[PDB]
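Take a look at this single chain, the form deposited in one PDB entry, given in structure tokens.
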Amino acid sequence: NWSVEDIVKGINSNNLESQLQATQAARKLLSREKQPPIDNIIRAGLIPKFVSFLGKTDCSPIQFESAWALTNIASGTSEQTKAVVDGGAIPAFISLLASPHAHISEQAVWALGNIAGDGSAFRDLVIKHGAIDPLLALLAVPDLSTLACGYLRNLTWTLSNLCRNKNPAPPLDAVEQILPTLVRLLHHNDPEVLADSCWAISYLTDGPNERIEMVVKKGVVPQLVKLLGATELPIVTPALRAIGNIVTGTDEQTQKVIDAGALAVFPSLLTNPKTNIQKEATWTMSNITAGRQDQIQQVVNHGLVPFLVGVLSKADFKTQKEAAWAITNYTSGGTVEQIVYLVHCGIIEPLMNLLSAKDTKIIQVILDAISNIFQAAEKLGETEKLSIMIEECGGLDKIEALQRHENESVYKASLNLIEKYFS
């Protein structure tokens, strides 16, 4: 239809009708489902003319067309988004957010989300130019269901990208300004709004314990636990990610998670047909079992030890490695009674059966778990029994075969274990 030269000539004219004609042509050219000529429009020096058109309040059509074109230019490579940013598009879009026309302000939300989604640098740029205030003003209405069809989803996504990325992490004041709205949205009844809100809280929980403490003090943990049980995987995945990132912090934050009732959902999460759900749940549990002894006892009371043993037995090697870590932390900081309950639930057989793995990490982890269980047995004066069990499970053969392992740590472990219990 239109060539880059024709679009340049139309946009370089002074006739607003022709300028809008060429801007619409550029939108369609860059909206092509295949090979959009983004680099050719960039090389033609058109981004600045687009950022200028964004300010033509007199012609809202060309405002919309230029916003669309710039958004689809910033939707590609990081260098094309850099081009859009250098043209001064961030302040123009932030000002357009307040446009009386809802579609133009929605396109502006979209553009700012694409820009801030490139990385932490452009995110902090969008934040510095003052985007959070108007974006959240668009949601000030007490009832979120009064907002137009689709506006809330776009604004939630853009706010998620404004909480995304690390090195540097989002400015603290920005997170504290956005978190209450994220709570309100976490209590919304739209599946996609919930999904993006959980992803945003996940980004915010992935970091130091201070950020986790911010998120927890806002009081999202109960609603996150509620969403853990949602029927929508797009909602459970981010919710489980956030819950797992929270328990990686202090034992008080882990206890907040436990008190919210999260451990009651893990019997299903650890048996979810999706393997990623199983792996994330097992990793979260491994972080939980690495806590205080009372937290291990709460894991026991919720009946999760059977499920952790079951995932150590029947899951894939990824979830099985997470489960090995979980059981090793269970035995490392647990009580002799809890370790005895673990052995009663049948951990010896899976721990043995996983000693024939190529990953040296899981080998060392399981060896340490065995040493801890043996220390517990020694406290209980029943190490001969446990050695007989490992024998019956063919363990002794496994630990002896590990004597010929290249890694000095696995060899030395197996050697100490054999010399101390199997000699």
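Take the two forms, find the largest set of C-alpha atoms that superpose within 1.5 Å, and that set is the rigid core. Start at 1 and count along the sequence shown; that's the residue number.
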Tell me which stretch, 345-353 or 280-288, has the higher mean Cα B-factor listed in the entry. 345-353
Binned into thirds over the chain's modelled residues, the C-alpha B-factor of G55 lands in the lowest
Which third of the chain does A89 land in by C-alpha B-factor: lowest, middle or highest? lowest
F266 by Cα B-factor - lowest, middle or highest third of the modelled chain: lowest
Select lowest, middle or highest to describe the third in which the CA B-factor of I62 falls within its chain in this entry. lowest
Among the modelled residues of this chain, does the Cα B factor of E79 put it in the lowest, middle or highest third? highest
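Just so you know, the form deposited in another entry exists too; it's not on screen, but the next bit is about it.
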Is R32 one of the residues whose Cα moves 2 Å or more between this form and the one not shown, with the core superposed? yes
